[PDB]
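A single chain comes next, written as structure tokens; it is the form deposited in one PDB entry.
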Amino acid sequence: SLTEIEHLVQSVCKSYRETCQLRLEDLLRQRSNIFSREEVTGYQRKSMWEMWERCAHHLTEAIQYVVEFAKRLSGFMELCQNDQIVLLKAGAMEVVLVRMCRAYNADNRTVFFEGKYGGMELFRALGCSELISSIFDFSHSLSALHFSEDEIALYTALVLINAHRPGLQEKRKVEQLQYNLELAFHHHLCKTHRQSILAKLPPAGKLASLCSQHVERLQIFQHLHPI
């Protein structure tokens, strides 16, 4: 029985590694490669539109990698199209917020953005300081718990595979997939003596919702702005 659970762990971690966007060692190595005060000023001089366009392009890209993640989770493609959409709609952005913590450097409070690391001030042109500060605090809180790759991979699978999502057709098919992931994650946390980390997670719902709202706002108003 153990070997199957350990196989499902390795299956979820494989699915995650292939869809991670960047390798973690790449993000950690690039931490030294930091934006200059001049390169910061370049980003601060851009238009609100141009800076939101870039960030929405990266959010959109990130959501497409989570769909590739879900597609490789055993049982998810067996679900009906409606359920796949309902789960990804309700889960995708929170998996992005969680995946983002890997590209956050707690030492200097800087994030990987378009080839180098910089601080909150890199995003002044979004005129959303409170939102920026919150996504930074969130990434800081997950960074400080030292979530391994395995933990992120299993946790983000459980953010997606949730049978409580309003609008599901095959609830029982989703519960079977969720339960198997809970077994697997529970076995992993026991082995590693990390049972208690999910008590210490900051809440992500409100932040994900705002990030989704901003992405939609830019789709809706594209014709008021250049191509």
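All residue numbers are counted from 1 along the displayed sequence. Whichever C-alpha set is largest while still superposing within 1.5 Å between the two forms counts as the rigid core.
The same protein has a further form, the form deposited in another entry, not shown here; the description that follows concerns it.
In this overlay on the rigid core, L210 has a C-alpha that sits 2 Å or more away from its partner position between this form and the one not shown.
The pair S143 and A204 is at least 3 angstroms farther apart at the CA level in that other deposited form than in the present model. Here's the thing about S212 and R23: their CA atoms end up at least 3 Å farther apart in that other deposited form than they are in this form.
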